[PDB]
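[1] Once you've seen the sequence and the experimental structure below, I've got questions.
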Amino acid sequence: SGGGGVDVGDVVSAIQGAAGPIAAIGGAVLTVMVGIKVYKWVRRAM
Amino acid sequence: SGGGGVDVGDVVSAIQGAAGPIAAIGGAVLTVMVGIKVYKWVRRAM
Amino acid sequence: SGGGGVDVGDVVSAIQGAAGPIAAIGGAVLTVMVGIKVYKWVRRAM
Amino acid sequence: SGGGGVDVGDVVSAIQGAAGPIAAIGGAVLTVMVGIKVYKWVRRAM
Amino acid sequence: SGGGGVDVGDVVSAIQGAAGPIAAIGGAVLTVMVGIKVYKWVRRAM
Amino acid sequence: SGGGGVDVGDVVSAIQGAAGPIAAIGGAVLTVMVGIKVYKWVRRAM
Amino acid sequence: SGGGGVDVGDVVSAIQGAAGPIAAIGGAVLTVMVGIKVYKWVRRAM
Amino acid sequence: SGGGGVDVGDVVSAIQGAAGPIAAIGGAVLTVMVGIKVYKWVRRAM
Amino acid sequence: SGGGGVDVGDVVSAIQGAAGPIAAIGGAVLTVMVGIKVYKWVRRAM
Amino acid sequence: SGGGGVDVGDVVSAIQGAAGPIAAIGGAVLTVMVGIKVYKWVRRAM
Amino acid sequence: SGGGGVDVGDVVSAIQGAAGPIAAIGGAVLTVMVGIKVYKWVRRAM
Amino acid sequence: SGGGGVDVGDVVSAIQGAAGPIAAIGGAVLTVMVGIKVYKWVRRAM
Amino acid sequence: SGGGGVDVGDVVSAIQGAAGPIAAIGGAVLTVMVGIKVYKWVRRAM
Amino acid sequence: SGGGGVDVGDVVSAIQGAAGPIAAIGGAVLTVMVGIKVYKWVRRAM
Amino acid sequence: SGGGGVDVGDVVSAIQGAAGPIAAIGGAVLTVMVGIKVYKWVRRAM
Amino acid sequence: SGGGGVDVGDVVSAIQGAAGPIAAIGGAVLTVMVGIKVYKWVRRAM
Amino acid sequence: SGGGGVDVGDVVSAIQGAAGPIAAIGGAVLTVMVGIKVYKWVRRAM
Amino acid sequence: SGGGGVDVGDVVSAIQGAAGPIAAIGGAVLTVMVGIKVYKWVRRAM
Amino acid sequence: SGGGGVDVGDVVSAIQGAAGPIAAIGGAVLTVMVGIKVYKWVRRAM
Amino acid sequence: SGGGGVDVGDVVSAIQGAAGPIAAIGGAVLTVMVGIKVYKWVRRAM
Amino acid sequence: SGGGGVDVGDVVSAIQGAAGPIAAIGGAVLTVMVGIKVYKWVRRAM
Amino acid sequence: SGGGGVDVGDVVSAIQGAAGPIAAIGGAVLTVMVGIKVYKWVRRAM
Amino acid sequence: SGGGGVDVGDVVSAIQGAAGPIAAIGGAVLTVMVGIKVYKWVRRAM
Amino acid sequence: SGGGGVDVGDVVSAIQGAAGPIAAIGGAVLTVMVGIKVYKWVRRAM
Amino acid sequence: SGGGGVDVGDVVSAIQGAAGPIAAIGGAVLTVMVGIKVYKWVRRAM
Amino acid sequence: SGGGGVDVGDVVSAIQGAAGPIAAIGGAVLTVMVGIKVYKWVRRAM
Amino acid sequence: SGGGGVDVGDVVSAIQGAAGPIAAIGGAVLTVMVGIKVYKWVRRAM
Amino acid sequence: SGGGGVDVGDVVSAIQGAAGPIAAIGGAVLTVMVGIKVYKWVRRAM
Amino acid sequence: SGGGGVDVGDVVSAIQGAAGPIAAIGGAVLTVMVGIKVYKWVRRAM
Amino acid sequence: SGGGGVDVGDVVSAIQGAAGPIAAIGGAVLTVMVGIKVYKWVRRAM
Amino acid sequence: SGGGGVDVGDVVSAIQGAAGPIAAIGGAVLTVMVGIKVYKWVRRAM
Amino acid sequence: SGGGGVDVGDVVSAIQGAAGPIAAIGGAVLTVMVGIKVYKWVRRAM
Amino acid sequence: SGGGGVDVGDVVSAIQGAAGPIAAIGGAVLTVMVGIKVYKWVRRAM
Amino acid sequence: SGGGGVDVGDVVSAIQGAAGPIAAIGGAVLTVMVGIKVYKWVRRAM
Amino acid sequence: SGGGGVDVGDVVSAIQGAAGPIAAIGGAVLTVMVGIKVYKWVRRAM
């Protein structure tokens, strides 16, 4: 009950929760990466 | 009967039962982990 | 909270932020690239 | 700051800057190309 | 500096410079072309 | 130097030079053309 | 049942679902890209 | 018989069975991923 | 929802939106290009 | 004879025999695991 | 905003603007070309 | 400014300027052409 | 359906539609071009 | 069967199907492009 | 709408409009050309 | 025999078999992709 | 002799032998994987 | 002498000797394991 | 069928059809041109 | 066999087949184009 | 031998073999493409 | 000696040897791939 | 001395020595792996 | 003194001393192990 | 052999062959054109 | 040797060899094209 | 020494060496490609 | 000292040293790869 | 130093050096091309 | 040396050499063209 | 040799040869033209 | 400090430094490439 | 406190700190890589 | 109470507490690791 | 004091100290590994 259920419950919320901000880096990384290539496609179509 | 059968029975239900929440962390960990890579595949396909 | 939320937050701002200047190279690269072809279209229309 | 902002800044100035002389070839190429055709239009109007 | 500025500089001088003789063909071509028609206008005015 | 200057130089001499004989046809054509009309003016003045 | 079936089900809907907007960028990117070249083909056909 | 055969049997059905939905995420992930690149190939062929 | 839908939405508006000015260069490039050839057709029809 | 030979004989058949189903989980686990990655290689080759 | 709108704006003004002088060559070329033929029509009407 | 305005400016002055002497041939050609026909009109009016 | 059918539909109407005015320049260009030559044929037939 | 055969089947119909409208842009683009040149050939033949 | 319709509209008015003065040269050229031949017909009819 | 030979056999047939439909997407993708460029080559040859 | 030599011998033949079919999945997986990319290279070369 | 030296001697030869075939499983296991990954690297390099 | 056959069919009828009126200008141009020369032949035969 | 041979076969018949009507535009375009010049040669020979 | 030599052998024959029909599309595409331009060269030479 | 030297020796010959046919697919793949583009370059040069 | 020093010495020479052939597989594996990709880069550069 | 101090002293020197060669196997094992993976990283980077 | 030699052979016969009728228009055009001028020379010689 | 030297050798002979017939179309195309213009020059010289 | 230096040495000679014939295809491809366009430039200059 | 410092030192020199020849393959691979594309750019510029 | 500086140095001299003869084809191509048109201008001026 | 220098050398001799006969058509075309006009000038001077 | 020399040779003989009959029209045209004026000179000298 | 800072520092200077000569190939490649096209533009303007 | 907090603190500063120079290689690598392609885009736009 | 409850309590706070800084290294390690790859993705998108 | 404190102290200095050279292999391994890929990125950007 205590250790098993409750603590493991904390594992779920804390782990995937703290991982949310990790996915946030994903969004920010995407802003830049597609950014440099919009530059790449422009130069294609100069 | 008592100590052997009953107590060991408790071992089964309590141990694999408390382990259920452990598997729950597994699900939560999965939400995040695949999350950061959906970010990785996007940047591939920028 | 600390490591997850805050640090990942830094990942977002620092990564896509530092990527901004990367996009800047994109603009500068564009100035030159279209430049050499305005030269190409002139010679077409000599 | 350093790597991202400063270095990328260098990318802009160095890349589109070095490209300037590339556009210079454009001007020089134009002197010749229109030159051979002023010859072409003269022969039209012999 | 080196590759960009200097080499591109060479592009300008070498390209439009080598094109000068191309324009020379223009002058020589003109000597002949108007030549055959001075023949054409004479025959008009026989 | 080689391709540009020398070869183009050849263009000039070869083109306007070979055109010289073209102008020669002009002289020969003139002998005949004025010839038929000296015939035309005689018949005017019969 | 729970973790396997249900959670994985969420993976499908959440992942390919969130990816829909990613494809939306595709449409928007297309508006611009073909746009710059309609400009390129016009200049061909000036 | 009981623990070995039966329980292990459960391992097979439960594990690869619960994994089925995991493969489902695979299908859903595929819908999105190829989606963003149909966008990439269009922009190639603008 | 957040990262997927909202951020990707931003991708669409920001990317094809910033591309609008790219198409603007298209219009401006067209003014010049057709300009030099109106010059070319005049000289045809001298 | 009895305890040593016979009982130990039972150990062999019962232990490695009950272990057979354990290997069965191995097969079932394999169905799923390779399954999720056929998904991974598809997304590589999107 | 910055890179997209502003820089592309510069593309328009700089490109079609620098092209203006290109059209100027058009006017100057026209002065000469019609010039040599006013000579051609005079000789027609000798 | 430099390449566009200045160089194109050179195009105008150099092209229509060098064309001036081309028009000079026009004047010289006219001296001869009308010359041969003053001969033609005399013979009319013998 | 949405992205493919609808957006591409927009491509058709927007692209060939915006191209209509491009053809309009064609008509206007024609007014002028034939105009300068009606001048050319008159001078033929002076 | 399910994921492989059925889902991939959807890939075929959805992808090449959604691509149909892409080809539609092709037809519309063609209406305009040939349009501007019918204008180009007219001006040739003024 | 903007780039396509409006800008192309400008193409029409600006191009055929600027061409009007080109036709003006046509009128002026005609004054002279017929002028020199009224001289030619007089000398016929001396 | 069982797990090794038979199950692995299933791996072969199921994996490369389910992959067949994946190749089917390849054919369908090809119909569209070449489709948009037949449009590209037409506009070249307008 | 018995347990050591003979049984271990069985380990070799049974383990690497049962692994053969595992390599078979390798061949089958290869048929599909290269299959989807022959599709990828075609679309490159559309 | 007897029990100590001789019997222990037997321990050495019998134990590490019977272990030889154990190492044989090692070789056989290696044939398979590297086998499945030659399959993995091929699919990388498809 | 649709895009290829039908649309191209439209190309034929629309293009050579719209060209009919172009030929109409031909007739009208002819009325004037022969007109000015009936004037030229009269003055010959005054 | 299926995807390769059959589908590619479809590529041939569908592509060059749909291109037939494209050539049809060629015939129709020819009717008009030669049409406007029969007008041009008449005015030569007024 | 089996997997390596034989299967890879199949790769060669199946891949470049199925590619043959791909080249067939090449021939068919060529029939059309040169077709539309025989139309282009005719209109040049109207 | 046995397991180490001999077996590993087999690894070398068997692995890079079986890989030879893999390279064979490379040759066959090349026949097709360059094949489809000889088609691409022809259509360029139609 | 005996067991410790001598036997352990044997461990060193026998273990890293037998491992040499393991590295040999490394060389052979490399021949093949780079082989299949020289095929991959050729097809890039077809 | 004798048994305790002296003999135990021997334990230290003999035990950790004889263990030195054991660590020697460690070095030799390391030569091989990193060896096989330098092979693994090469194949990554093929 | 097939695609290259045979198909290209078809190109020759089909292209220059279909061009024969194009030359036929040449003959027919000649009948008319010289026709209108036999009219022109008659009126000269009224 | 085999794949590299021999196969590439085949590339040379097969590619430039199959291209020979492509050049044949060139000759045939030339027969027609000059044909239609011998018609054009005749009508000049009617 | 052996594996590293010698084998890698083989990589250099074998890889860039086998690539030589690849460049040979380049020469052969060039014979054909320029061949078809000498045909293209002739038809320009018919 | 011995095992740690000395042996690890050997790791550095032996590993990055043997890797030098690996980089040598890099140079040789580069000779070929750029080689095939100098062929690609020539055919562009045929 | 070695691979980078020296080998790349070879790239420069070998690539632009081998390209010299490519420019030589340019000169030779020019001899012919202008040749066929000196023929074209003669026929203009017959 | 080989591919670059030698092959390109062949380009020069083969291309401008094969072009010689092209110039031959020029001479032959000239015989006819001036021929039809000697007919034109005779009829002038009837 | 073949295409260049032989085919161009055919150009010469076929073109100037077929032009012979064109000159024949010249003779026939002359019979008539001088014919109508022998009528003109008679009426002068009535 | 040592490994991190110093060695990585070496990475920067050695990598981008050795890359300098790579850019040198860029300059040399440019000399040739523009060279072959100055040949292409000359033949345009023959 | 000591081992946990302090030492781990050192881990953070030392690890990500020493990694800074690793990112420095990133900047230097970028200088070169974009460098070789500015060369690639120039040759595109030659 | 004392030893069990209190001391174990200390185990929890001290162990997971001292582990906090261990996770701190995780954050710092992440700063660097993603750092070197932002460098990797830039070079992809150069 | 002696055994605990002093000896364990030796453990720290000796273990992490001897590990320093282990990290040295890390630096050396890095020189090579990035080396082979600078080769990989060059071939990308050939």
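    Done, it's in. Numbers count the residues shown, from 1 in each chain, chains lettered A, B, ... in the order given.

[2] quick one, strands of chain A?
    Using DSSP state E, no strands are assigned anywhere in chain A.

[3] where do the helices sit along chain A?
    A:8-44 (DSSP state H).

[4] and the residue of it nearest chain Y?
    residue A:44 (30.6 Å; Cβ to the nearest Cβ). Every residue, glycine included, has its C-beta placed from N, CA and C.

[5] Check the burial of the closest residue to residue A:42 other than its chain neighbours by counting its neighbours.
    Residue nearest to residue A:42 in three dimensions, not counting chain neighbours: residue C:30, with 5.5 Å by Cβ to Cβ, 6 or more residues apart in numbering or on different chains. Residues near residue C:30, counting by other Cβ atoms under 10 Å in any protein chain shown, number 24.

[6] and residue C:30, what does it touch?
    Contacts for residue C:30 (Cβ atoms under 8 Å, 6 or more residues apart in numbering or on different chains) come out as A:39, A:42, A:43, A:46, D:16, K:7, K:11.

[7] With distance to residue AG:26 added, can I get these in TSV?
    Output for the contacts of residue C:30, formatted as TSV (distance: Cβ to Cβ, whole Å):
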residue	distance to residue AG:26
A:39	18
A:42	24
A:43	22
A:46	28
D:16	22
K:7	26
K:11	30
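
[8] For residue G:26, see how far away the single nearest residue of chain A relative to chain Z is.
    For chain A, the residue closest to chain Z is residue A:44, as judged by Cβ to the nearest Cβ, at 27.5 Å. Distance from residue A:44 to residue G:26, counting by Cβ to Cβ, to the nearest Å: 17 Å.

[9] Please apply the same query to residue A:35.
    Residue A:35 sits 16 Å away from residue G:26, going by Cβ to Cβ.

[10] what does residue A:38 give?
    Taking Cβ to Cβ, one finds residue A:38 at 13 Å from residue G:26.

[11] again with residue A:30
    Using Cβ to Cβ, residue A:30 is found at 13 Å from residue G:26.

[12] Likewise for residue A:27?
    17 Å.

[13] What of residue A:17?
    Distance, residue A:17 to residue G:26, using Cβ to Cβ: 31 Å.

[14] Compare the two (neighbour count), which wins?
    residue G:26 (24 against 16).

[15] From what I see, that one and residue H:34 are in contact.
    No: with contact defined as Cβ atoms under 8 Å, residue G:26 does not count as touching residue H:34 (11.0 Å).

[16] and the residue of chain A nearest chain Q?
    For chain A, Cβ to the nearest Cβ, closest residue to chain Q: residue A:44, 14.4 Å.

[17] Number of residues surrounding residue A:1?
    9.

[18] Let me fix that, I meant to ask about residue A:6.
    Around residue A:6 there are 12 other residues, counting by other Cβ under 10 Å.

[19] For it, which non-adjacent residue is closest in space?
    Sequence neighbours aside, residue B:21 is the residue nearest to residue A:6 in space, at 7.8 Å (criterion: Cβ to Cβ, 6+ apart).

[20] dump the residue contacts of the one you found.
    Counting by Cβ under 8 Å, 6+ apart, residue B:21 has contacts A:4, A:5, A:6, A:7, A:8, A:9, A:11, A:12.

[21] Filter these down to the buried ones.
    A:4, A:8, A:11, A:12 (16 or more other Cβ atoms under 10 Å in any protein chain shown).

[22] got the contact list for the second one?
    With contacts defined as Cβ under 8 Å, 6+ apart, residue A:8 is in contact with B:18, B:20, B:21, B:22, B:24, B:25.

[23] Near whichever residue of chain A sits closest to chain F, how many other residues are there?
    Nearest to chain F, among the residues of chain A, is residue A:46, at 27.9 Å (Cβ to the nearest Cβ). Residues within reach of residue A:46, counting by other Cβ under 10 Å, total 21.

[24] That one touches residue C:33, doesn't it?
    Yes: under the criterion of Cβ under 8 Å, residue A:46 makes contact with residue C:33 at 4.8 Å.

[25] nearest spatial neighbour of the closest residue to chain AI within chain A, skipping sequence neighbours?
    Closest approach between chain A and chain AI, counting by Cβ to the nearest Cβ: residue A:40, at 12.6 Å. Closest residue to residue A:40 apart from its sequence neighbours, by Cβ to Cβ, 6+ apart: residue AH:45 at 6.2 Å.
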